[PDB]
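Listed next as structure tokens is one chain, alone, in the form deposited in one PDB entry.
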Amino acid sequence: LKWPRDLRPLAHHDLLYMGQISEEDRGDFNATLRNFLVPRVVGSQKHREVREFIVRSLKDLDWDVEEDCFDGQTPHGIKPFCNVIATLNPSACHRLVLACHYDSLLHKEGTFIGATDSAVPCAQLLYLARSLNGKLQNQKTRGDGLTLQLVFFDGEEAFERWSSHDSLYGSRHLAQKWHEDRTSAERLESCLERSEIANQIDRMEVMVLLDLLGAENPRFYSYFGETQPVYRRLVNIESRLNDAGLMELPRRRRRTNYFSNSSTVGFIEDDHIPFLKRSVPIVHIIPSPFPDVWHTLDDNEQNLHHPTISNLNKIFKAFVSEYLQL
């Protein structure tokens, strides 16, 4: 079966613009990122401050911002959790959903910043919203039934040993709630013709989940045959940015190959799982192998690789622009 939305390839002009990264772009991304480079364990004041920063940043861009807040039992007792859901045009039937988690692991050995996991993805989602604001507010007025939605899940990390019951608190809770929230085509703006919408989960056209990003030379693969058409757009975008000489490399005449033109047989538990079980198509942007720094106290600011982060920003900006035809 083909992808339900015809994926029009990005004009060269637009590929070039989305692939430019000014010095002001860098500075703005880095300033955003600084806000996330703090321990933000569930229940903590800093966690509250990060949640508030996300909320304010996006209300400032005129997005609709809601919070799914609840208390859940954990191996450490009751804990408050709040998912943050920002939607550019609430009434648009279909959402391109970009996501990541904003809580950081409670590490037994000491203070854990979780720079790749996932302070970087958090900043990249806000950066996308801000760098593309003009283009996005224009897309919003088209009435074409498609919009952008940003989900920052809470409580992705286990408190103790990873289990089905100790992990994904926020995503399990939000998938469930959206599944039970019934709606229909007639209630929504411009659903595609062959649509089946019974609940809010059906409006998630594809969920692109960013995780563990920011270390040098990540390797991605297609994890889901269902989203191979979308994943291939990432492969192609990166390839065009390389052709254009828009990627920051150590030496002349290298190319990035982040997005492998293959699929791998790998099972990664992450915030996608509760949506995957409800038939949401998933593109899982997570490196394999994981960064060397994963769940160590070295997952910190100085171990981020800035040229890679800028290269990923180019890819993601050109991808959002291509998907939404910005």
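Quick note: we count residues from 1 along the sequence shown, nothing fancier.
If you look for the form solved in complex with a small molecule, you will not find it shown, but the lines that follow are about it.
- Checking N261, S279, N35, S288 against the small molecule in the entry with it bound, a heavy atom within 4.5 Å turns up for just one residue: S288.
- Taking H295, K59, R48, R26 one by one, only a single residue has any non-hydrogen atom within 4.5 Å of the small molecule in the entry with it bound, and it is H295.
- The stretch in contact with the small molecule in the entry with it bound, judged by heavy atoms within 4.5 Å, is 267 to 275, chosen from 49 to 57, 267 to 275, 26 to 34, 65 to 73.
- When contacts are judged by a 4.5 Å heavy atom cut-off, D117 counts as touching the small molecule in the entry with it bound.
- When the small molecule is considered in the entry with it bound, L212 lines it closely, a heavy atom lying within 4.5 Å.
- Proximity of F224 to the small molecule in the entry with it bound falls outside the 4.5 Å heavy atom cutoff.
- By the criterion of a heavy atom within 4.5 Å, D202 is excluded from the residues contacting the small molecule in the entry with it bound.
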